[PDB]
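Just so you know, structure 1 and structure 2 below are the same protein chain in two forms, each on its own as structure tokens.
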Structure 1
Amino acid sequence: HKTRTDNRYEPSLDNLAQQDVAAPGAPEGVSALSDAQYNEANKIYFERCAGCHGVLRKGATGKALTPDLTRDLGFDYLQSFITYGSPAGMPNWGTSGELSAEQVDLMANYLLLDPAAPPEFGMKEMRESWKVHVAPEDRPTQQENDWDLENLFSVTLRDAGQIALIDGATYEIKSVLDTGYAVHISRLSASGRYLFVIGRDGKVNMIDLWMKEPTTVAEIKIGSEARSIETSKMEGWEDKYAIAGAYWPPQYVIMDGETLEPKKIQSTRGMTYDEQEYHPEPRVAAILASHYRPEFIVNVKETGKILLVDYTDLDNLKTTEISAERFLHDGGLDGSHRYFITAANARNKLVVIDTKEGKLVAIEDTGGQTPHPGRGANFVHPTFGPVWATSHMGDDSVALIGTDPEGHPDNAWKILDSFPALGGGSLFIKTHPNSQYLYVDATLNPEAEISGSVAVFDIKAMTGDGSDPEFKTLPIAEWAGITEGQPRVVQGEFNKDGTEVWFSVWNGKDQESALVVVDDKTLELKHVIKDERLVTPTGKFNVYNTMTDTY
């Protein structure tokens, strides 16, 4: 129950927490909570508890807290356990997990009551939220602005509920657009025309980059809590579909790539792969798109299943439900784009799927604590050959896995090396084919100087002799020149040419933030992006690198 470096990246269901619930009746031996009391506790539960224990309390990373179990444990036991506080959430916006005496008692009582299941969100609800602002026929048939679309960066302005579209070469903010709250990620259609963003509240906006003044052409809500979205990337299926994944309800939705019409909703409720026990809250995590078959690649967290969803026929729906490892989160494709490599973070494993054959190929422990790759980093190691790398939230380690069964069979799907970077609390590792450098952030590190810096390894100097590769430390936050607070540096993203790498210098909503552009060839400061509209900059996605999965 204490704040660790790798247990702050758990879902915070604060959109779902805004919903009012009814106070349930209490069985013998338990006292009922009033309307206000129950809602107050429920709000606290959804905000700072449901991530680990579930909205239904059936357990996720933390054990089940269902009434049968809690009543047997008792109030006193729960009261004393809960009085210590809960693990803090994410900086600049998460909770500290600090509850008072009034709050501690409420939570213990709440746990003894029978939880109601939050509302579902089906086709009826999605279609009511579905708005097409500019029908396809009224859109341009060619690019009508003079922007360099492929070198554009789509930047989340988290707490402002906006995104910024920034010129990759001039650093000019081309436009700031209103979207869903706290957009989690931006994704691009395969042609690079359409920009899709998903907010944590389940709101999806679709933006047409060919318009003289790009704006939202369609929107829809797919759930109450959502984090992922992806576009069809199989050759021949460019711009055909988009897919969104939600934490609640546990489901994914396949939408029309031009209009966002909801075409197919699939529940992810089901059995765990290992113990084969029903789980009523299997959250959708990362969603990728196959380059080998017309399929979406969907990580289902709590049941530990990777779904290969064939979008060629939504009525006679072909899926492959791959038993993998529980706690699947994020991942990426290898350099050849054939293998999906994903972190079952809580179990410290990397699951490898062959997207061509539709089957599990390997499961390997990284030797680190809580691997968090993002999409990861593919590069050619001088000794090992093609590798994919991940850093970790729980420790300072960077792990390399061999990704070339044909050319380097002895190294394929084995952890080939593990070495330290700046410190624990890393979120994102990054490289590019044109770069000789591997960048590693340390976003969640408790030490301000570490969290405001990035480690940079010289790939060319790597020998894989077992020693610890040296790294250069770039003082990104210092380069940005921010006086107030202790801004967190997060997520490297390259430009189209792979000559410059951008980092977010993420400060609070009413504090000063920036984007820092690094010249990859020299590792020197190229440019500092500051603007009054640049509020809480987090994720940044280069159009070309996102549409092509170049990482």
Structure 2
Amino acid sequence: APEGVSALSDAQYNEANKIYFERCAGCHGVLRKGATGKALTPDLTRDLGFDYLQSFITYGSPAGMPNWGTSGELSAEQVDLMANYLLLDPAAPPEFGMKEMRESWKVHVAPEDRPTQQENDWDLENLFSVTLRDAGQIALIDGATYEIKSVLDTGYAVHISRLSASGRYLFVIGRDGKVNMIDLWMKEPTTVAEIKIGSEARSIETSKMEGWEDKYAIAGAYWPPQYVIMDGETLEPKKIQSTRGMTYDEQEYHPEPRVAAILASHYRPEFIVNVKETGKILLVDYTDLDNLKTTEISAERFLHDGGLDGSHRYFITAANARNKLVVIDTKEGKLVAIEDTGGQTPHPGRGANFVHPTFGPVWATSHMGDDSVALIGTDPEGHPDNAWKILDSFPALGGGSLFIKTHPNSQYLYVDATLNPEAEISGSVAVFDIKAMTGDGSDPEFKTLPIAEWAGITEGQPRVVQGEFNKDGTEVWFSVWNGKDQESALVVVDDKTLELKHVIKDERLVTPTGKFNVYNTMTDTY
């Protein structure tokens, strides 16, 4: 006989459930099928059994599962409660409306009591806000001295950082929908406001229309299917919008359309919201939240990430499972093109904009499913025949690429290969010389930088990910992402010589992943 799975009173079950959706669902999923954390459905957990679940929740694991019991985040009774709850069938995922957001909303420092000018000595625009994935923190690193200025707690499941248009406020979002607002002008920068906007979420963005600096922030959730516009100084939740709706092509109701990347228009006072499963791109005008104007653009399903072109007018985003790039004109508020990249699973991040020597302005992306790099023409006025067409496709290090990067002041295009199965490749970066490109059909050659080897890290599984440039566009940073119980680092590459500039190492630099330069993020320079 299989061990006995205990009762649980209504109160206990209600208590367990609140904990699950508030603190576990960001990594284990609202239906318990897993996300960064393993699936915890009862077909799996009953086999593991109570003792095993209790031990894991008490001690955590170095692969990213918090030590709930030993950290005192959960009491001994709460730990047993959760182990017992995981042996039961998955509960119905709850909604998360205004009442729930406002209960979680905290303003630690009201706007009137914050500084009126920068009170620290830091070079805010050249700071790098780095995600410490399994530590639940971000590191604020000086872009010139390479010193860790501070390490701030945001919360387990920390995902990425974004900056307000003025560069004063640092916004961080976690996979649980937790949002932290950090005031960079304080003597000792810390969280001045926080709020939770759902159970699962990935994106956040700030108002970037000139004249709307610091007015609003917007966050998108995976569950429930909604986005929220918040006050840009206090995080007060002002407008919640459901994304449930019809698919663009079959026009069938879809009960769970996740919000993916959220960007901000520089032509109009609008947020640009990708709705994944229905294939809709939303242009949301924040001029008036009560008489709310939006444009719901039929695009392509599987929208994920993307970026604005060099002129900041057009939004280019990957509909990744269908291998397409979708192009929106933010000035006219309309779809302008849909093109296949020729590769498998394009994953641009915000992508890489540059001026090709013969094609004109282009935007590039690499792929998760193959080694190709694709370029799309982005200049309807000056290069009409090249506009929104794939002009070239060439191989980089290998499949498993996540991020491509460049900067106006650099002649090089950097491509990672983070998820490649071969350590030599996943620990390296491909670099192309833009000035040597000809678009004559021949594959441009690349130099291979041994980033992980340069950091002196071989133990564990160090994966190199995401180039990020400093404010001047002279140095590019890469994360050497190793396990929490392993040695990690950040490698700074001298852009002009393509030589190692510096290796950042520190006991607090745990699982570093996303890196965001204040100036480059606030101005959308990529």
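We call the rigid core the largest set of C-alpha positions that still match within 1.5 Å between the two forms. Numbering for residues begins at 1 and runs along the sequence of structure 1. Shifts are known only where both forms have a C-alpha.
Core-fitted Cα difference of 2 Å or more between structures 1 and 2, single residue among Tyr171, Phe419, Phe75, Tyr292: Going through each option, the one that shifts is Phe75.
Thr95 C-alpha moves between structures 1 and 2 by 2 Å or more, core aligned: Shift of 2 Å or more: yes.
Per-residue C-alpha change between structures 1 and 2, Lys526, threshold 2 Å, rigid core fit: No, shifts by less than 2 Å.
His53: Cα shift of 2 Å or greater between structures 1 and 2 (core-aligned): Shift at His53: 2 Å or more after core fit.
Angstrom shift of the Cα atom of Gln37 between structures 1 and 2 (superposition on rigid core): The alpha-carbon displacement, core-superposed, is 17.4 Å.
Distance moved by the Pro115 C-alpha between structures 1 and 2 (core-aligned, Å): C-alpha displacement of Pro115 between structures 1 and 2: 7.7 Å.
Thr483 CA shift between structures 1 and 2 in angstrom, with the core used for superposition: That residue's C-alpha sits 3.4 Å away in the other form.
Core-superposed comparison between structures 1 and 2, runs of at least 3 residues with CA shifts of 2 Å or more: Moving stretch: 26 to 117 alone.
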